[PDB]
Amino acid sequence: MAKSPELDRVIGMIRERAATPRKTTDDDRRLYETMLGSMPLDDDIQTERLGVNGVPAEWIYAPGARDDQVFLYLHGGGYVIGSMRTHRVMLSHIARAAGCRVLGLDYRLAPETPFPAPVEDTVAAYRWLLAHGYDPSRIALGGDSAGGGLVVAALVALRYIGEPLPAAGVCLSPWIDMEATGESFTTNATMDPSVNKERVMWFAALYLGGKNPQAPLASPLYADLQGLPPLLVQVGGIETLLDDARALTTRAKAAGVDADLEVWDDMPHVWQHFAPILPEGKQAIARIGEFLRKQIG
């Protein structure tokens, strides 16, 4: 899209997957895994599969990690695809940069289960952390795309049910509006190689299972954001989801939340996945690390 061989290669990988033939839900899941999950973890990364209050999950951490600091992470994929298979490498880089443990959730996906299952799962995982003696002031929630919206919905839900809120939230290209009403869905239509309004609406239909698309916990564009901890919002300048990120930040600030928006010029959706081969990916991951160190450290 822009002029650096690194970015060209990435935009290329993206435009390729987008044009690979697929027939089924699991084809789409597998293709994502092929695109984003084909590189190994560094040899020094430790992982463990476990259940947290019934939710399948994975500890991910690098040497030197503070075992009392937890980044509870909610992967993207439109609430339909994605998993630790697509995300664990990116998460291992964030873990190292922040010097903390990541707890990655393989939360329930649509169409098998609809909204609000992922909110339920995030609440369950958080309650598990608390029950096991982790301190809210040392926990942050993070996520990308659907998972970025889920961070906000889960924080609101936690407040609504009286759980002690964590120290921070990190939202990477967050999806906060099921109806894709953002003007960037038009403005960046020709610029965004991976996300467009039609696809967003399709995934929304699958996730919602017939429920109201403006439901605050599906579309936190409509949620009460008061009381939330500081948020870091990153998004790419060519994204159709750009206005989702802008709206989240604006609405959060209006509700008295310490929210900060970073728009990274020329970057595609969740460009951080491509940190191994993209400078801006590593730079954004370092920034997340600094934010986490300032909030849960």
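One rule holds for the numbers: they count along the sequence shown, beginning at 1.
- Averaged over Cα atoms, the B-factor as recorded in the entry is higher for 94 to 102 than for the other of 138 to 146 and 94 to 102.
- Of the two stretches examined, 189 to 197 and 120 to 128, the record assigns the greater average C-alpha temperature factor to 189 to 197.
- When the Cα B-factors of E239, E58, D26, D43 are read from the PDB record, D43 comes out highest.
- Comparing the listed residues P63, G51, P268, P230, the entry records the largest Cα B-factor for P63.
- Sorting the modelled residues of the chain by their CA temperature factor places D244 in the lowest third.
- Per the deposited record, the Cα B-factor of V235 falls in the lowest third when ranked against the other modelled residues of its chain.
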